[PDB]
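Visitor: Sending over a structure as structure tokens; questions will come in a sec.
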Amino acid sequence: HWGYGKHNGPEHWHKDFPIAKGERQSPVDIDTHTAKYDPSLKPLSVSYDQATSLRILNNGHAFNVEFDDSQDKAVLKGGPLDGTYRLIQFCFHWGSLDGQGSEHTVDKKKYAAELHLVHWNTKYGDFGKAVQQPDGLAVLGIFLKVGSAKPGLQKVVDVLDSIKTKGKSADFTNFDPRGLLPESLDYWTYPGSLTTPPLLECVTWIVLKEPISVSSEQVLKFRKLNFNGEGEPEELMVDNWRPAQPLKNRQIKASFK
Ligand SMILES: [Zn+2]
């Protein structure tokens, strides 16, 4: 099935998921000289006080940390959103080298990595139904650059030996996602999609202008993960990002001048 390699990477995806060639695909390039500052835009409200992380998983494409989404413990609201979106997971994408790794790009620039805090619209009852709705998901995307270390990522880095290969998971309780946010919540926003199959166009993307810094030692530990399962030839999990897709008929709004 799908991956990032020459035989099953982003250029092949459309054969199984034809929406890959659609009108609201993600990620995109964020052109800061055409993104418009938007007045109707409230500030973003991140309410992650009650967040409960469940498990971390190497799914053979990335890793995800999964969250207890049985109640309003961790919600995103405000900004461009209507209603209340519950955090269900975060996924991470990164590169083989520091100059690539992000899915979204800003003025064609690629960051070392990109995190997604994935939330589903409470009015659809669950994630399954949510993803079938054009406004069903809100994804907060945070760029990472290699500079100093992020302490709130170290928990994650420290568990990665336990999930080196596809299929492996580990308990990951009491992880605080607030520790993955930059200082500023200035953001750009646009309608798009999942960046991995099934690539459904159900996403209000909210991409933060301010990147976080991670150490070279932190990102290096992501690059030691594996795409393959235990007892298969070792294939390092790197470059698990989809490249920027056609903007087509969409405007990217900025929450800031
Ligand atoms: Zn992701």
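Residue names in the structure tokens use chain letters A, B, ... in the order shown, residue numbers from 1 in each chain, and ligand numbers from 1 in the order shown.
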Identify, on the basis of only C-alpha atoms, every residue whose closest approach to region 102-112 of chain A does not exceed 6 Å; exclude the query and any residue fewer than 5 positions from it along the same chain; express the result as a PyMOL selection string.

Guide: chain A and resi 27-31+144-145+241-243

Visitor: Return as a PyMOL selection string the residues of protein, DNA or RNA that approach ligand 1 to within 9 Å, with only C-alpha atoms and all ligand atoms taken into account.

Guide: chain A and resi 62-64+90-93+103+114-118+139+141+194-196+241

Visitor: Skipping near chain neighbours, those fewer than 5 positions away, what residues fall within 8 Å of region 159-169 of chain A using only C-alpha atoms, listed as a list in words?

Guide: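 After dropping sequence-adjacent residues, the list is residues 55, 56, 57, 58, 59, 60, 61, 221, 222, 224, 225, 226, 227, 228, 229 and 230 of chain A.
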
Visitor: Between A:21, A:127, A:73, A:148, which has the minimum distance to residue 217 (chain A) (counting only C-alpha atoms)?

Guide: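 Residue with the minimum atom-to-atom distance to residue 217 (chain A): A:148.
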
Visitor: My list of candidates is A:256, A:120, A:4, A:205. Which is closest to residue 70 (chain A) when distances are computed with only C-alpha atoms?

Guide: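 Once distances to residue 70 (chain A) are computed over only C-alpha atoms, the minimum belongs to A:120.
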
Visitor: Identify all residues of region 46-236 of chain A in helix (DSSP H, G or I) (DSSP on the backbone) and supply them as a list in words.

Guide: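 DSSP on the backbone gives helix (DSSP H, G or I) at residues 122, 123, 124, 127, 128, 129, 130, 151, 152, 153, 154, 155, 156, 157, 160, 161, 162, 163, 177, 178, 179, 180, 216, 217, 218, 219, 220, 221 and 222 of chain A.
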
Visitor: Could you please take those selected residues and save C-alpha atoms as a CSV table (one decimal), in the first residue's frame?

Guide:
```csv
chain,number,residue,atom,x,y,z
A,122,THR,CA,-17.8,17.6,18.1
A,123,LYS,CA,-21.0,18.2,16.0
A,124,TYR,CA,-20.3,15.1,13.9
A,127,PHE,CA,-13.7,11.2,13.9
A,128,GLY,CA,-15.1,8.7,11.3
A,129,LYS,CA,-18.1,10.8,10.5
A,130,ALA,CA,-16.1,14.1,10.9
A,151,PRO,CA,11.9,20.2,26.3
A,152,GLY,CA,8.2,19.4,25.6
A,153,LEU,CA,9.3,17.1,22.7
A,154,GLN,CA,11.8,15.1,24.8
A,155,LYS,CA,9.2,12.8,26.2
A,156,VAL,CA,8.5,11.8,22.6
A,157,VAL,CA,12.1,11.4,21.7
A,160,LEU,CA,11.1,6.2,20.1
A,161,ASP,CA,13.4,3.1,20.9
A,162,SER,CA,10.3,1.3,22.0
A,163,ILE,CA,8.5,1.9,18.7
A,177,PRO,CA,0.6,18.9,24.0
A,178,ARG,CA,0.9,22.6,25.2
A,179,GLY,CA,4.6,21.8,25.4
A,180,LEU,CA,4.7,21.6,21.6
A,216,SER,CA,19.7,18.4,16.0
A,217,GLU,CA,19.9,15.6,18.6
A,218,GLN,CA,16.1,15.5,18.9
A,219,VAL,CA,15.5,15.4,15.1
A,220,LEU,CA,18.2,12.8,14.7
A,221,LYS,CA,16.3,10.4,16.9
A,222,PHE,CA,13.2,10.8,14.5
```

Visitor: Provide the CA of residue 150 (chain A) to CA of residue 48 (chain A) distance in Å, to one decimal place.

Guide: 18.1 Å

Visitor: Given only C-alpha atoms, how would the per-residue table for region 118-167 of chain A near region 32-47 of chain A read, listing every residue at most 12 Å away with its closest atom pair and distance in Å to one decimal, sorted by chain and number, as CSV?

Guide:
```
residue,atom,partner,partner_atom,distance
A:119,CA,A:46,CA,11.0
A:138,CA,A:44,CA,11.4
A:139,CA,A:46,CA,11.8
A:140,CA,A:46,CA,9.9
```

Visitor: Between CA of residue 202 (chain A) and CA of residue 121 (chain A), measure the distance and give it in Å to one decimal.

Guide: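 Separation of CA of residue 202 (chain A) and CA of residue 121 (chain A): 10.2 Å.
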
Visitor: Which residue gives the smallest distance to residue 49 (chain A) among A:171, A:126, A:176, A:23, with only C-alpha atoms counted?

Guide: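 Using only C-alpha atoms, residue 49 (chain A) sits closest to A:176.
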
Visitor: My list of candidates is A:20, A:51, A:65, A:76. Which is closest to residue 170 (chain A) when distances are computed with only C-alpha atoms?

Guide: A:65

Visitor: Can you work out which one of A:24, A:12, A:223, A:7 has the shortest atom-to-atom distance to residue 200 (chain A), counting only C-alpha atoms?

Guide: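 Using only C-alpha atoms, the shortest distance to residue 200 (chain A) belongs to A:24.
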
Visitor: With only C-alpha atoms as the atoms that count, which of A:52, A:16, A:8, A:197 lies nearest to residue 67 (chain A)?

Guide: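 Nearest candidate to residue 67 (chain A) out of A:52, A:16, A:8, A:197: A:52.
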
Visitor: At what distance in Å, to one decimal, does CA of residue 85 (chain A) lie from CA of residue 188 (chain A)?

Guide: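 That distance, rounded to one decimal, is 17.8 Å.
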
Visitor: Just list the residues in region 85-152 of chain A DSSP gives strand (DSSP E) on the backbone, as a ChimeraX atom specification.

Guide: /A:85-94,105-106,113-121,137-146
